[PDB]
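No lab work stands behind these numbers, since they all come straight from the coordinates. Ideal geometry is used to build each Cβ from the backbone, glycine not excepted, and the neighbour counts take in all protein chains shown.
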Amino acid sequence: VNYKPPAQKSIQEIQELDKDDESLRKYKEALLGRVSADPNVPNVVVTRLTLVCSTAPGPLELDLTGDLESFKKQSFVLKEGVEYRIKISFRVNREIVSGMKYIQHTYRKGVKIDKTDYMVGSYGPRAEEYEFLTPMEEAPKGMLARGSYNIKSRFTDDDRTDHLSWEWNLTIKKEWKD
Amino acid sequence: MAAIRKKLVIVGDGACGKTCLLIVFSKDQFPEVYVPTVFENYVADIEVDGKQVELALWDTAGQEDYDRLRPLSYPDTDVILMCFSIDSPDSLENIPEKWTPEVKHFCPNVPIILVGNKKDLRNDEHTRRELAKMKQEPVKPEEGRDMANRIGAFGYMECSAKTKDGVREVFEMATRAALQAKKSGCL
Ligand SMILES: Nc1nc2c(ncn2[C@@H]2O[C@H](COP(=O)(O)OP(=O)(O)O)[C@@H](O)[C@H]2O)c(=O)[nH]1
Ligand SMILES: *C/C=C(\C)CC/C=C(\C)CCC=C(C)C
Ligand SMILES: OC[C@H]1O[C@@H](O)[C@H](O)[C@@H](O)[C@@H]1O
Ligand SMILES: [Mg+2]
């Protein structure tokens, strides 16, 4: 600490570097691809945000491909004291994402009560969708912990890009929805 | 009872002895003829504390030219081998300056093993003679151990890939760190 972000470099520039170093050519081939796509699409597209829980009646999902405004109009219930992971499903199209991470500010009536962030990591472009699981964590419980919360979620990377920003609502009850 | 799969990534300054360390442990032979810049992903069977383990070995390119590409190997890492060279005190200086910042950034909770390579050159006279001209000397074990606790590593180890001495004890400690993990979430 502190960590300085990598210098800007396109994938083409990378493959040109040490062009005839077979051990290094295989190394790049190992990490990068064997990728073409519409140049008019964002290099990174986070698709879904899934709640993974053993206790949950069914997997819960945040579709980040539609109108993000809708999540203010609704709430998401989470049974207190359960342990869970978060599955982040994203896609990379043209260039390397350098250290993409997930920032989550949890407010309660305009009061910041929690700040969590997960390092999703660095990913090159490919056709198949990517997937990142947070380590196992557990929701709080008690009369204080129970209640309604207001969440501001954000996806960024080492280049200070905001790939996605949206707010939504979380309610912690004694039991699940059903 | 099925073999446990753990991911090992090795980072550190260029030409500090990463690739040779991997090849030696993998194939039980130091490569004197040809050494790749980066070693292909080798999966090595290894048994520690009565536990069968399949150890996936990931070599990296420590060059600054790949400061953006190299981190692609980091996800799903279970244990990391942060390396420096005993004969290069400059390489040791990069441990808290370049490598610990990067590893802790991309691999937040992955256990770190600080490795001191080429320890056969510690009492080598040619090396000492060359280092003397920079008011420098080989790294002392105390210096390495100090740095390890400073960067909050799981443990300090030194080895000599050329003599194969210490290599085993490293990857055993690395496997041990990989085989283990209050409360976390959103309190
Ligand atoms: N004396 C000594 N030399 C070594 C040892 N390991 C590697 N070397 C030499 O130092 C150089 C290190 O190369 P390499 O391992 O590929 O470096 P890296 O992969 O870039 O970190 C090679 O030329 C090796 O011959 C060692 O344990 N002792
Ligand atoms: C206090 C922080 C809370 C527990 C975060 C809760 C939500 C997950 C992260 C993501 C999935 C939410 C379901 C789709 C409802
Ligand atoms: O979604 C990723 C986006 O990050 C921005 O910084 C770039 O300007 C875009 O080219 C890229 O598509
Ligand atoms: Mg090498």
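Remarks
- Across the stretch B:113-121, rounded Karplus estimates of 3J(HN,Hα) from the backbone phi angles (6.51 cos²θ - 1.76 cosθ + 1.60, θ = phi - 60°) give 10, 7, 10, x, 7, 6, 6, 6, 8 Hz, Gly and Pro being marked x.
- Seen through its C-alpha gyration tensor, with square-root eigenvalues sorted a ≥ b ≥ c, the stretch A:51-96 comes out oblate because a/c lies at 1.5 or above while a/b is not bigger than b/c.
- The stretch B:104-187 - Debye-derived log10 I(q)/I(0), Cα point model, q = 0.10, 0.12, 0.22 Å⁻¹: -0.35, -0.48, -1.10
- The average projected area of the stretch A:1-40, computed from the convex hull of its Cα atoms over all directions, is 4.7 nm².
- Qualifying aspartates and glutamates (Cα of each under 15 Å from Cα of B:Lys162; at least 8 residues distant if same chain): B:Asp28, B:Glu32, B:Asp87, B:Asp120, B:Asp124
- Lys/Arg +1, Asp/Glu -1 at C-beta; chain B dipole; positive extreme among B:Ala15, B:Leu72, B:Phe84: B:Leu72
- Loop-located GluC sites (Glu not before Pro) across the stretch B:1-64 with a Cβ neighbour count of 11 or fewer within 10 Å are B:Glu32, with loop assigned by DSSP.
- Each of B:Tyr156, A:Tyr3, A:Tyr123 was scored by other Cβ atoms within 10 Å of its Cβ. Listed from fewest to most, they are A:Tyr3, B:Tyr156, A:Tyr123.
- Here the stretch B:152-187 is scanned for amide nitrogen atoms under 18 Å from the site 7 Å beyond the Cα of A:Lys141 along Cα-to-Cβ, giving B:182-187.
- Our coupling estimate for the stretch A:104-113, obtained by passing each phi through the Karplus curve with A = 6.51, B = -1.76, C = 1.60 and θ = phi - 60°, is 9, 9, 9, 9, 9, 6, x, 10, 5, 10 Hz, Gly and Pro reported as x.
- Residue-by-residue Karplus 3J(HN,Hα) for the stretch A:171-178, coefficients 6.51, -1.76, 1.60, Hz, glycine and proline x: 10, 9, 9, 7, 10, 5, 4, 6
- Summed over qualifying helices (DSSP H, 4 residues or more, each -39500 (n - 2.57)) and divided by its residue number, chain A shows a 222 nm mean residue ellipticity of -2500 deg cm²/dmol.
- Residues whose placed amide H lies under 5 Å from that of B:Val48, excluding near-sequence neighbours: B:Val53
- Amide H contacts of A:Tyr123 (H built 1.01 Å from N, under 5 Å, at least 5 apart or other chain): A:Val97, A:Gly99, A:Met100
- Average silhouette area of the protein assembly as shown, convex hull of alpha-carbon atoms, in square nanometres: 22.0 nm²
- Convex hull volume of the C-alpha atoms in chain B, normalised per residue: 147 Å³.
- Overall, the protein assembly as shown carries a charge dipole of about 1560 debye about its Cα centre when +1 sits on the Cβ of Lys and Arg and -1 on the Cβ of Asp and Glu, all other atoms neutral.
- Calculated mean residue ellipticity, 222 nm, chain B: -7500 deg cm²/dmol, from DSSP H runs (n ≥ 4) at -39500 (n - 2.57) each, averaged per residue and rounded to 500.
- When the convex hull of its Cα atoms is projected in every direction, mean area for chain A (nm²): 13.0 nm²
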